[PDB]
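Asker: File follows, data.cif with mmCIF, N, CA and C atoms:
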```
data_input
loop_
_atom_site.group_PDB
_atom_site.id
_atom_site.type_symbol
_atom_site.label_atom_id
_atom_site.label_comp_id
_atom_site.auth_asym_id
_atom_site.auth_seq_id
_atom_site.Cartn_x
_atom_site.Cartn_y
_atom_site.Cartn_z
ATOM 1 N N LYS A 1 9.534 16.393 -58.959
ATOM 2 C CA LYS A 1 10.672 17.294 -59.078
ATOM 3 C C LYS A 1 11.384 17.433 -57.738
ATOM 4 N N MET A 2 10.898 16.689 -56.741
ATOM 5 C CA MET A 2 11.494 16.645 -55.409
ATOM 6 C C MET A 2 11.416 17.998 -54.713
ATOM 7 N N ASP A 3 11.934 18.065 -53.491
ATOM 8 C CA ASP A 3 12.061 19.314 -52.756
ATOM 9 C C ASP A 3 13.514 19.482 -52.347
ATOM 10 N N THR A 4 14.022 20.711 -52.451
ATOM 11 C CA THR A 4 15.434 20.953 -52.172
ATOM 12 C C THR A 4 15.775 20.662 -50.715
ATOM 13 N N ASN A 5 14.983 21.192 -49.781
ATOM 14 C CA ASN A 5 15.321 21.062 -48.368
ATOM 15 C C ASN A 5 14.860 19.726 -47.799
ATOM 16 N N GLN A 6 13.941 19.047 -48.487
ATOM 17 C CA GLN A 6 13.405 17.798 -47.955
ATOM 18 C C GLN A 6 14.482 16.724 -47.864
ATOM 19 N N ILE A 7 15.374 16.663 -48.855
ATOM 20 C CA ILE A 7 16.458 15.686 -48.820
ATOM 21 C C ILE A 7 17.385 15.959 -47.643
ATOM 22 N N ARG A 8 17.745 17.227 -47.435
ATOM 23 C CA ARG A 8 18.666 17.573 -46.357
ATOM 24 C C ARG A 8 18.042 17.331 -44.988
ATOM 25 N N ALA A 9 16.743 17.602 -44.850
ATOM 26 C CA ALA A 9 16.096 17.473 -43.548
ATOM 27 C C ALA A 9 16.068 16.025 -43.079
ATOM 28 N N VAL A 10 16.112 15.075 -44.015
ATOM 29 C CA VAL A 10 16.092 13.666 -43.643
ATOM 30 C C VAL A 10 17.379 13.309 -42.917
ATOM 31 N N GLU A 11 17.242 12.628 -41.783
ATOM 32 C CA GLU A 11 18.391 12.211 -40.993
ATOM 33 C C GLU A 11 18.306 10.714 -40.724
ATOM 34 N N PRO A 12 19.435 10.038 -40.530
ATOM 35 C CA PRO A 12 19.396 8.596 -40.272
ATOM 36 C C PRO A 12 18.748 8.272 -38.935
ATOM 37 N N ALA A 13 18.512 6.979 -38.728
ATOM 38 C CA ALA A 13 17.937 6.510 -37.479
ATOM 39 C C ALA A 13 18.907 6.767 -36.326
ATOM 40 N N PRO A 14 18.400 7.089 -35.139
ATOM 41 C CA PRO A 14 19.286 7.531 -34.060
ATOM 42 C C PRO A 14 20.072 6.378 -33.453
ATOM 43 N N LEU A 15 20.964 6.742 -32.534
ATOM 44 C CA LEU A 15 21.849 5.771 -31.904
ATOM 45 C C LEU A 15 21.090 4.857 -30.949
ATOM 46 N N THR A 16 21.486 3.585 -30.930
ATOM 47 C CA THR A 16 21.058 2.634 -29.910
ATOM 48 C C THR A 16 22.237 2.423 -28.966
ATOM 49 N N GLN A 17 22.062 2.817 -27.703
ATOM 50 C CA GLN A 17 23.198 2.890 -26.790
ATOM 51 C C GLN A 17 23.648 1.509 -26.325
ATOM 52 N N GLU A 18 22.708 0.632 -25.983
ATOM 53 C CA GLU A 18 23.026 -0.655 -25.383
ATOM 54 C C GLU A 18 22.680 -1.784 -26.343
ATOM 55 N N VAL A 19 23.507 -2.824 -26.337
ATOM 56 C CA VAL A 19 23.290 -3.999 -27.171
ATOM 57 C C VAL A 19 22.881 -5.157 -26.267
ATOM 58 N N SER A 20 21.801 -5.837 -26.635
ATOM 59 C CA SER A 20 21.292 -6.929 -25.819
ATOM 60 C C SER A 20 22.158 -8.169 -25.985
ATOM 61 N N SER A 21 22.286 -8.938 -24.907
ATOM 62 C CA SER A 21 23.125 -10.124 -24.920
ATOM 63 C C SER A 21 22.592 -11.133 -23.916
ATOM 64 N N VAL A 22 22.989 -12.392 -24.106
ATOM 65 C CA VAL A 22 22.599 -13.447 -23.181
ATOM 66 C C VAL A 22 23.426 -13.347 -21.909
ATOM 67 N N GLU A 23 22.759 -13.466 -20.768
ATOM 68 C CA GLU A 23 23.402 -13.430 -19.458
ATOM 69 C C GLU A 23 23.203 -14.800 -18.815
ATOM 70 N N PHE A 24 24.230 -15.636 -18.895
ATOM 71 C CA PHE A 24 24.126 -16.987 -18.373
ATOM 72 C C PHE A 24 24.048 -16.964 -16.851
ATOM 73 N N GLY A 25 23.539 -18.055 -16.288
ATOM 74 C CA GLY A 25 23.366 -18.112 -14.848
ATOM 75 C C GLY A 25 24.704 -18.087 -14.131
ATOM 76 N N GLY A 26 24.706 -17.499 -12.939
ATOM 77 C CA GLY A 26 25.911 -17.341 -12.161
ATOM 78 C C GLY A 26 26.546 -15.971 -12.239
ATOM 79 N N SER A 27 26.201 -15.168 -13.244
ATOM 80 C CA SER A 27 26.730 -13.810 -13.315
ATOM 81 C C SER A 27 26.140 -12.930 -12.222
ATOM 82 N N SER A 28 24.835 -13.038 -11.988
ATOM 83 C CA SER A 28 24.192 -12.233 -10.960
ATOM 84 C C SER A 28 24.619 -12.698 -9.574
ATOM 85 N N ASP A 29 24.992 -11.743 -8.727
ATOM 86 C CA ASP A 29 25.394 -12.057 -7.364
ATOM 87 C C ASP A 29 25.199 -10.831 -6.487
ATOM 88 N N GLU A 30 24.983 -11.087 -5.195
ATOM 89 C CA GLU A 30 24.832 -10.045 -4.186
ATOM 90 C C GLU A 30 23.782 -9.016 -4.585
ATOM 91 N N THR A 31 22.546 -9.468 -4.776
ATOM 92 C CA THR A 31 21.439 -8.589 -5.113
ATOM 93 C C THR A 31 20.756 -8.112 -3.831
ATOM 94 N N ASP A 32 19.600 -7.466 -3.973
ATOM 95 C CA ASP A 32 18.845 -6.949 -2.840
ATOM 96 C C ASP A 32 17.679 -7.846 -2.443
ATOM 97 N N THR A 33 17.610 -9.062 -2.982
ATOM 98 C CA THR A 33 16.552 -9.993 -2.615
ATOM 99 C C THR A 33 16.718 -10.455 -1.171
ATOM 100 N N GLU A 34 15.592 -10.569 -0.458
ATOM 101 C CA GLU A 34 15.630 -11.069 0.913
ATOM 102 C C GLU A 34 16.024 -12.540 0.967
ATOM 103 N N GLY A 35 15.902 -13.252 -0.150
ATOM 104 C CA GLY A 35 16.274 -14.656 -0.164
ATOM 105 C C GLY A 35 17.748 -14.836 0.151
ATOM 106 N N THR A 36 18.074 -15.979 0.749
ATOM 107 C CA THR A 36 19.426 -16.198 1.241
ATOM 108 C C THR A 36 20.409 -16.301 0.083
ATOM 109 N N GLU A 37 21.168 -15.227 -0.129
ATOM 110 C CA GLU A 37 22.302 -15.242 -1.037
ATOM 111 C C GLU A 37 23.622 -15.104 -0.298
ATOM 112 N N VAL A 38 23.604 -14.614 0.943
ATOM 113 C CA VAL A 38 24.817 -14.566 1.741
ATOM 114 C C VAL A 38 25.315 -15.984 1.991
ATOM 115 N N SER A 39 26.612 -16.183 1.782
ATOM 116 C CA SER A 39 27.194 -17.509 1.699
ATOM 117 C C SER A 39 28.185 -17.716 2.832
ATOM 118 N N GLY A 40 28.537 -18.976 3.055
ATOM 119 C CA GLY A 40 29.483 -19.317 4.091
ATOM 120 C C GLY A 40 28.855 -19.263 5.468
ATOM 121 N N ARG A 41 29.721 -19.277 6.480
ATOM 122 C CA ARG A 41 29.240 -19.190 7.852
ATOM 123 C C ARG A 41 28.656 -17.824 8.168
ATOM 124 N N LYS A 42 28.940 -16.814 7.346
ATOM 125 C CA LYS A 42 28.376 -15.493 7.588
ATOM 126 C C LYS A 42 26.856 -15.531 7.530
ATOM 127 N N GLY A 43 26.301 -16.284 6.583
ATOM 128 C CA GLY A 43 24.856 -16.378 6.481
ATOM 129 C C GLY A 43 24.227 -17.087 7.662
ATOM 130 N N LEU A 44 24.897 -18.119 8.171
ATOM 131 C CA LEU A 44 24.336 -18.897 9.269
ATOM 132 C C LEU A 44 24.365 -18.119 10.578
ATOM 133 N N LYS A 45 25.404 -17.313 10.795
ATOM 134 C CA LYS A 45 25.498 -16.528 12.020
ATOM 135 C C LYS A 45 24.365 -15.515 12.109
ATOM 136 N N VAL A 46 23.814 -15.362 13.311
ATOM 137 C CA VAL A 46 22.797 -14.358 13.598
ATOM 138 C C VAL A 46 23.210 -13.612 14.860
ATOM 139 N N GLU A 47 23.117 -12.286 14.821
ATOM 140 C CA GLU A 47 23.568 -11.471 15.939
ATOM 141 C C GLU A 47 22.609 -11.583 17.117
ATOM 142 N N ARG A 48 23.146 -11.372 18.315
ATOM 143 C CA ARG A 48 22.381 -11.428 19.552
ATOM 144 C C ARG A 48 22.094 -10.014 20.027
ATOM 145 N N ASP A 49 20.840 -9.751 20.373
ATOM 146 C CA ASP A 49 20.448 -8.433 20.854
ATOM 147 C C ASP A 49 20.126 -8.451 22.344
ATOM 148 N N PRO B 1 7.750 -22.774 14.411
ATOM 149 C CA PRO B 1 6.756 -22.098 13.574
ATOM 150 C C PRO B 1 6.304 -22.924 12.398
ATOM 151 N N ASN B 2 7.253 -23.510 11.689
ATOM 152 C CA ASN B 2 6.940 -24.326 10.528
ATOM 153 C C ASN B 2 6.252 -25.630 10.868
ATOM 154 N N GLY B 3 6.687 -26.245 11.956
ATOM 155 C CA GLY B 3 5.866 -27.199 12.670
ATOM 156 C C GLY B 3 6.673 -28.422 13.027
ATOM 157 N N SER B 4 6.277 -29.114 14.085
ATOM 158 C CA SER B 4 6.975 -30.329 14.448
ATOM 159 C C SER B 4 6.198 -31.507 13.956
ATOM 160 N N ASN B 5 6.812 -32.294 13.096
ATOM 161 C CA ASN B 5 6.172 -33.477 12.576
ATOM 162 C C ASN B 5 7.396 -34.098 12.007
ATOM 163 N N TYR B 6 8.436 -33.285 11.870
ATOM 164 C CA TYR B 6 9.708 -33.833 11.415
ATOM 165 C C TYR B 6 10.456 -34.496 12.562
ATOM 166 N N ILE B 7 10.376 -33.912 13.757
ATOM 167 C CA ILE B 7 11.059 -34.478 14.914
ATOM 168 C C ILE B 7 10.314 -35.698 15.439
ATOM 169 N N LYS B 8 8.983 -35.686 15.361
ATOM 170 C CA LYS B 8 8.189 -36.759 15.948
ATOM 171 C C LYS B 8 8.644 -38.112 15.422
ATOM 172 N N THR B 9 9.181 -38.926 16.326
ATOM 173 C CA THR B 9 9.836 -40.172 15.967
ATOM 174 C C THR B 9 9.651 -41.166 17.103
ATOM 175 N N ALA B 10 9.438 -42.432 16.739
ATOM 176 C CA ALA B 10 9.338 -43.474 17.754
ATOM 177 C C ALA B 10 10.671 -43.683 18.455
ATOM 178 N N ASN B 11 11.753 -43.752 17.687
ATOM 179 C CA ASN B 11 13.091 -43.997 18.223
ATOM 180 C C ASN B 11 14.038 -42.932 17.690
ATOM 181 N N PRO B 12 14.158 -41.782 18.360
ATOM 182 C CA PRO B 12 14.919 -40.674 17.762
ATOM 183 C C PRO B 12 16.423 -40.858 17.806
ATOM 184 N N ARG B 13 16.925 -41.832 18.564
ATOM 185 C CA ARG B 13 18.371 -42.006 18.657
ATOM 186 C C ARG B 13 18.963 -42.437 17.323
ATOM 187 N N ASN B 14 18.371 -43.452 16.690
ATOM 188 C CA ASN B 14 18.906 -43.939 15.424
ATOM 189 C C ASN B 14 18.485 -43.056 14.256
ATOM 190 N N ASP B 15 17.343 -42.381 14.377
ATOM 191 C CA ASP B 15 16.722 -41.763 13.211
ATOM 192 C C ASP B 15 17.252 -40.358 12.948
ATOM 193 N N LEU B 16 17.775 -39.691 13.969
ATOM 194 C CA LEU B 16 18.174 -38.294 13.860
ATOM 195 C C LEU B 16 19.677 -38.195 13.634
ATOM 196 N N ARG B 17 20.077 -37.404 12.643
ATOM 197 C CA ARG B 17 21.481 -37.092 12.397
ATOM 198 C C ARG B 17 21.633 -35.587 12.245
ATOM 199 N N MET B 18 22.565 -35.001 12.992
ATOM 200 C CA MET B 18 22.743 -33.557 12.999
ATOM 201 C C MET B 18 24.211 -33.186 12.906
ATOM 202 N N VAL B 19 24.484 -32.029 12.309
ATOM 203 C CA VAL B 19 25.789 -31.387 12.379
ATOM 204 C C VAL B 19 25.578 -29.920 12.724
ATOM 205 N N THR B 20 26.393 -29.410 13.639
ATOM 206 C CA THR B 20 26.283 -28.038 14.117
ATOM 207 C C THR B 20 27.327 -27.187 13.416
ATOM 208 N N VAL B 21 26.900 -26.441 12.403
ATOM 209 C CA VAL B 21 27.761 -25.447 11.775
ATOM 210 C C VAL B 21 27.655 -24.208 12.656
ATOM 211 N N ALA B 22 28.398 -23.150 12.312
ATOM 212 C CA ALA B 22 28.698 -22.056 13.235
ATOM 213 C C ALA B 22 27.529 -21.721 14.153
ATOM 214 N N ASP B 23 26.392 -21.324 13.590
ATOM 215 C CA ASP B 23 25.302 -20.842 14.427
ATOM 216 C C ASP B 23 24.158 -21.827 14.607
ATOM 217 N N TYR B 24 23.751 -22.554 13.571
ATOM 218 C CA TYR B 24 22.564 -23.378 13.741
ATOM 219 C C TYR B 24 22.756 -24.733 13.084
ATOM 220 N N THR B 25 21.920 -25.681 13.504
ATOM 221 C CA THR B 25 22.144 -27.106 13.298
ATOM 222 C C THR B 25 21.185 -27.631 12.243
ATOM 223 N N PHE B 26 21.686 -28.492 11.361
ATOM 224 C CA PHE B 26 20.824 -29.130 10.379
ATOM 225 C C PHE B 26 20.399 -30.508 10.867
ATOM 226 N N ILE B 27 19.117 -30.815 10.699
ATOM 227 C CA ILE B 27 18.486 -31.984 11.296
ATOM 228 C C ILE B 27 17.894 -32.845 10.194
ATOM 229 N N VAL B 28 18.170 -34.144 10.243
ATOM 230 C CA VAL B 28 17.615 -35.108 9.299
ATOM 231 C C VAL B 28 16.884 -36.202 10.051
ATOM 232 N N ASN B 29 15.645 -36.449 9.644
ATOM 233 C CA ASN B 29 14.917 -37.641 10.039
ATOM 234 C C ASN B 29 15.217 -38.711 8.999
ATOM 235 N N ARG B 30 15.857 -39.798 9.431
ATOM 236 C CA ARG B 30 16.342 -40.795 8.485
ATOM 237 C C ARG B 30 15.198 -41.459 7.735
ATOM 238 N N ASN B 31 14.055 -41.649 8.395
ATOM 239 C CA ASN B 31 12.953 -42.358 7.754
ATOM 240 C C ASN B 31 12.209 -41.479 6.756
ATOM 241 N N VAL B 32 12.115 -40.177 7.024
ATOM 242 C CA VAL B 32 11.362 -39.303 6.136
ATOM 243 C C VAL B 32 12.016 -39.285 4.761
ATOM 244 N N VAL B 33 11.225 -39.605 3.743
ATOM 245 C CA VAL B 33 11.700 -39.693 2.369
ATOM 246 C C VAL B 33 11.437 -38.364 1.675
ATOM 247 N N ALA B 34 12.469 -37.817 1.036
ATOM 248 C CA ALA B 34 12.316 -36.554 0.330
ATOM 249 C C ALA B 34 11.351 -36.729 -0.831
ATOM 250 N N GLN B 35 10.587 -35.682 -1.130
ATOM 251 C CA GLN B 35 9.569 -35.737 -2.170
ATOM 252 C C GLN B 35 9.557 -34.424 -2.934
ATOM 253 N N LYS B 36 9.525 -34.518 -4.259
ATOM 254 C CA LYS B 36 9.464 -33.326 -5.090
ATOM 255 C C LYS B 36 8.103 -32.654 -4.958
ATOM 256 N N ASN B 37 8.097 -31.327 -5.049
ATOM 257 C CA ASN B 37 6.877 -30.542 -4.877
ATOM 258 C C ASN B 37 6.161 -30.458 -6.214
ATOM 259 N N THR B 38 5.112 -31.256 -6.369
ATOM 260 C CA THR B 38 4.206 -31.108 -7.492
ATOM 261 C C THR B 38 3.368 -29.849 -7.263
ATOM 262 N N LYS B 39 2.601 -29.454 -8.278
ATOM 263 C CA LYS B 39 1.722 -28.278 -8.305
ATOM 264 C C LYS B 39 2.466 -26.995 -7.952
ATOM 265 N N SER B 40 3.781 -26.948 -8.163
ATOM 266 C CA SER B 40 4.552 -25.713 -8.099
ATOM 267 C C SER B 40 5.319 -25.455 -9.390
ATOM 268 N N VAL B 41 4.708 -25.742 -10.542
ATOM 269 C CA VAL B 41 5.419 -25.649 -11.809
ATOM 270 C C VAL B 41 5.727 -24.196 -12.140
ATOM 271 N N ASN B 42 6.770 -23.989 -12.947
ATOM 272 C CA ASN B 42 7.183 -22.635 -13.306
ATOM 273 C C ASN B 42 6.107 -21.928 -14.120
ATOM 274 N N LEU B 43 5.658 -22.555 -15.204
ATOM 275 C CA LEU B 43 4.521 -22.074 -15.982
ATOM 276 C C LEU B 43 3.532 -23.229 -16.027
ATOM 277 N N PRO B 44 2.257 -23.007 -15.703
ATOM 278 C CA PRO B 44 1.324 -24.142 -15.622
ATOM 279 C C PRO B 44 1.219 -24.936 -16.911
ATOM 280 N N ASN B 45 0.830 -24.300 -18.013
ATOM 281 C CA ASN B 45 0.774 -24.999 -19.289
ATOM 282 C C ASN B 45 1.716 -24.372 -20.309
ATOM 283 N N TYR B 46 1.553 -23.072 -20.563
ATOM 284 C CA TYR B 46 2.443 -22.338 -21.456
ATOM 285 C C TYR B 46 2.579 -23.011 -22.814
ATOM 286 N N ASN B 47 1.524 -22.984 -23.617
ATOM 287 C CA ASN B 47 1.652 -23.433 -24.998
ATOM 288 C C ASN B 47 2.774 -22.659 -25.681
ATOM 289 N N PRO B 48 3.897 -23.308 -26.003
ATOM 290 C CA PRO B 48 5.040 -22.557 -26.543
ATOM 291 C C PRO B 48 4.754 -21.870 -27.865
ATOM 292 N N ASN B 49 3.892 -22.453 -28.699
ATOM 293 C CA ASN B 49 3.716 -21.936 -30.050
ATOM 294 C C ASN B 49 2.620 -20.881 -30.118
#
```
Mind turning this structure into structure tokens?

Answerer:
Amino acid sequence: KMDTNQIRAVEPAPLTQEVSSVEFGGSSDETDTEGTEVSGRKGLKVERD
Amino acid sequence: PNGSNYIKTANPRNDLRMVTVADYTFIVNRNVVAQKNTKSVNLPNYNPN
């Protein structure tokens, strides 16, 4: 015979904020890795102390 | 630090080729043959299935 409030209390599944996608190579740039990502003559130059 | 075994040459005049970009110089030993690094695979075996 069901329940009166049970139907109303049911709510849909919640929101998913972000959608996953493929990130092809070359999109990532200028990260915090110590590996050499600085490009051009700027990377080769080293300051004198 | 990395070590000298690259410079060690019987006749360094013909064997060494360098270009000086802004800060530091790239050095080639003409006789030394480049070799791919085995035993550095991304995943050793990785049965895909």

Asker: What are the DSSP alpha helix (DSSP H) residues of chain B, as a list in words?

Answerer: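 In chain B, DSSP puts these residues in alpha helix (DSSP H): residues 12, 13, 14 and 15 of chain B.
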
Asker: Would you list the contacts of range 37-45 of chain A as a PyMOL selection string, taking every protein, DNA or RNA residue within 9 Å and counting only C-alpha atoms, but skipping same-chain residues closer than 5 positions in sequence?

Answerer: (chain A and resi 29-31) or (chain B and resi 21-24)

Asker: Give the strand (DSSP E) residues of chain B, as assigned by DSSP on the backbone, as a count of residues only.

Answerer: 10

Asker: Assuming 5 Å of padding per side, give the centre and edge lengths of the axis-aligned box around every listed atom of range 12-20 of chain A, in Å to one decimal and as lines of an AutoDock Vina configuration file.

Answerer:
```
center_x = 20.8
center_y = 0.9
center_z = -33.0
size_x = 15.7
size_y = 28.2
size_z = 25.1
```

Asker: Taking into account only C-alpha atoms, which residue in the set B:48, B:41, B:25, B:36 is nearest to chain A?

Answerer: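 Of B:48, B:41, B:25, B:36, the one nearest chain A, counting only C-alpha atoms, is B:25.
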
Asker: Between CA of residue 33 in chain B and CA of residue 15 in chain B, what is the distance in Å, rounded to a tenth?

Answerer: 12.1 Å
